[PDB]
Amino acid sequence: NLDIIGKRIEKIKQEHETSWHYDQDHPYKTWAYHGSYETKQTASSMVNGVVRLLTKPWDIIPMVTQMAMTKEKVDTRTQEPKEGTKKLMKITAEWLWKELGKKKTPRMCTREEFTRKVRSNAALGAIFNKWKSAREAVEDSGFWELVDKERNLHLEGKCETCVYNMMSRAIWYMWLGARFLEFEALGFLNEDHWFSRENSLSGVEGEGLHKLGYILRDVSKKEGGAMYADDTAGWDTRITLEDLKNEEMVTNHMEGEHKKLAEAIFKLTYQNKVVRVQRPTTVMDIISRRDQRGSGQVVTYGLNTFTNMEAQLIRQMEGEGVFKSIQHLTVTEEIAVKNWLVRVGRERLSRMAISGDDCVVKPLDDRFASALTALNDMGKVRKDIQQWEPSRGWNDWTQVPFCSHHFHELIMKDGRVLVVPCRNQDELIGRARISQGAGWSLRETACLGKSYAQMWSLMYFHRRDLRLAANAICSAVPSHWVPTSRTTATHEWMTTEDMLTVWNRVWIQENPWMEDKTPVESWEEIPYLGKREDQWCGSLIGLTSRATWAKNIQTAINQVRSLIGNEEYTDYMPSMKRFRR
């Protein structure tokens, strides 16, 4: 307790000595409260005018328009798992780190790699003070002396400045220094692709939205039961102290400085936390707790993937009868569990697609559906179903939800097969109409519209309305202006290369599921969903509003071109049959 967190609390207390007071009307029950102090401040979603002016029919669709308008799960407790459950988790975690470590070497990430990340806008979840932005702190030796002070404090097993700032979500921003030390010790999990499909068998890290459907269809080819895709209620809030201890076992594979720097991240920042939260009653509360997930988002993704892979192997073990009860594992069940892992563990990992808290599992048979005792006792309670009601599985891989999508099998006029990503079109148009942050020039807004358009041309070309709207936006933005994002899966649409050339590289040349590498010569060779299927997935094809928009699209394009000014533009609309004379 206070021996590990006191120094951080001590230090904050003294910076606000004028305002320190143990408030008695504090709303916390499961967080340890320490004190309050005086502050006064808060970032709403802004509309992208370029995308909205080129999507006029959606101006009267509430599911689109409402998306641009506008903490009692975080303050709850998880119970300690039973002895049998704790044993299953420890054995599985030990085995899984070894498998992930067979073809990989843990190593520290560098000031250089960090500096390079900050000098190309990656969402590192830092705060604004002594320097303005991340870019300036990184180009100043004073910062690195603060980093050095904390670094030597961590080697000594102590912490002074690694404090979270809070803001079914919750983001835990830290100062750039604490983010660096996290990246130095644990960045290797992401930087060296520990959760690639080649390395982890269940994982999809780095795979890309154009691969995920082919991956689900490959899982579907295994003999076994339904495909299960159960969502956890508030995954980050159900991470137990036993989970954080199994995750820390990655340090058993390290040596030297690295092993000590990693052990300190887990001990001092993950298994003990100090957090500052804004309460309108506007004060700042300094609260602490031992469990739950609260790391950088990239480390969070890898450890969520690890603990989810572990949890789902155990649910598979329960379905297969490898153990009888979570109350207690007998000596001979331990050897049975170890022996299952060695004998079939790698086959069972290949039956899964796991993206952090998101999973799809094709178990050996449907006993999995009612195998709930370990899952519930680990705290991974399913969303939108009663605790002991059996899971409903999916009979067709094309119906399974994964990473906010479903996937269609689409047959090209020439016989070849595309497996394409899809989701309700209102969600796609509603997201592309939104920007985050202040000070957007018209050029920067246009280049963000262009990024959405090129993503649509690469991933959603099969949706009639999105191929047309993508062509219109790319026609309305100057041809040489470079697509941008402020927050940055593989992003092959982020390029000034011709989108037909990129489509050929992604869907034909580099597609390991496409045997015939004959390039496509025009967009007209690239198919759409059935018209009825496109309507089912939210198309406006068939509406009078949509017909007028498609017919008059050159008028909309010219409206945006007149706003941007006398720049060099390309007409991409004749790449479509209906605008081709």
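Counting begins at 1, following the sequence as shown. So that the term is clear: the rigid core is the largest set of C-alpha atoms that superpose within 1.5 Å between two forms.
Farther from the shown form on average, by C-alpha root mean square after a core fit in 9 other deposited structures of this protein, is 291-299, of the stretches 291-299 and 189-197. Superposing on the core and measuring CA offsets in 9 other deposited structures of this protein, the stretch of 441-449 and 80-88 with the greater mean deviation is 441-449. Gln41 is a gap in at least a third of the other entries compared, counting only those with both neighbours built. Compared with the other entries of this protein, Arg169 is frequently left unbuilt, missing from a third or more of those that build its neighbours. Going from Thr281 to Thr282, the model skips 1 to 3 deposited residues, which lack coordinates. In the deposited sequence, the stretch from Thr42 to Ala43 hides 1 to 3 residues that have no coordinates. Stretches compared: 208-216, 137-145. Higher mean C-alpha B-factor in the entry: 137-145. Higher mean CA temperature factor between 391-399 and 479-487: 479-487, per the PDB entry.
Remark: of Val417, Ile287, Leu244, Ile91, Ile287 shows the highest value [criterion: C-alpha B-factor in the PDB entry]. For the set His154, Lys102, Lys413, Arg463, the maximum C-alpha B-factor listed in the entry falls on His154. Placement of the Cα temperature factor of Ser562 within the chain: lowest third of the modelled residues, per the deposited record.
Among the modelled residues of the chain, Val163 sits in the highest third by CA temperature factor in this PDB entry. Per the deposited record, the Cα B-factor of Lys130 falls in the highest third when ranked against the other modelled residues of its chain. Sort the chain's modelled residues by C-alpha temperature factor and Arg107 lands in the middle third, per the entry.
Sort the chain's modelled residues by C-alpha temperature factor and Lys531 lands in the lowest third, per the entry.
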